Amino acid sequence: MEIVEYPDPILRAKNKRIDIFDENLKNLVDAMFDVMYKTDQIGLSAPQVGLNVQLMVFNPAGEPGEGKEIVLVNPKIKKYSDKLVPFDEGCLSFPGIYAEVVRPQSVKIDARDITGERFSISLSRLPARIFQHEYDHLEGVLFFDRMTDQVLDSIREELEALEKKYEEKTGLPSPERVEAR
């Protein structure tokens, strides 16, 4: 298993809905969770680990045996709150890169469980924050897309280094460039 980093093209690709809720969705949830736990994370999307589909493992507690293990197959945020707030956000795709981002405080979500049953849920504080961050992933959106132009200008060299890293490691031109912004 591996975490895909920017600027890898799977992180921006279209993520396919899931339909076969079977032994293999489960296995995949399991292994996505353990990655989430191995990287001290509170949530983690399928594109991040190389697969381009509509899947999220989550636990608000962000900790082994604390909170609840929730899976969100095909999530869709049905409500974002008017109040929004700052936070020094980070991402497993941009290691070491942290900058400020504004996202709505609380969110209303629908999704399907590991059995494919349809539930709802609301969140606030850090869990709605980590949930929005992983939700953008499912949508080919990376958190700097959500940064003002001054905040982004602050991490610009750290992104170009990643870009450069992907070019060196794959022999291909970077699929996208933060200069484009």
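Counting begins at 1, following the sequence as shown.
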Comparing 91 to 99 with 104 to 112, which stretch shows the greater average C-alpha B-factor in the deposited entry? 104 to 112
13 to 21 versus 164 to 172 - greater average Cα B-factor per the deposited record: 13 to 21
By the CA temperature factor listed in this entry, which of these ranks top: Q150, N59, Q48, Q132? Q150
For the CA B factor values reported in this entry, which option in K68, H137, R118, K38 has the top one? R118
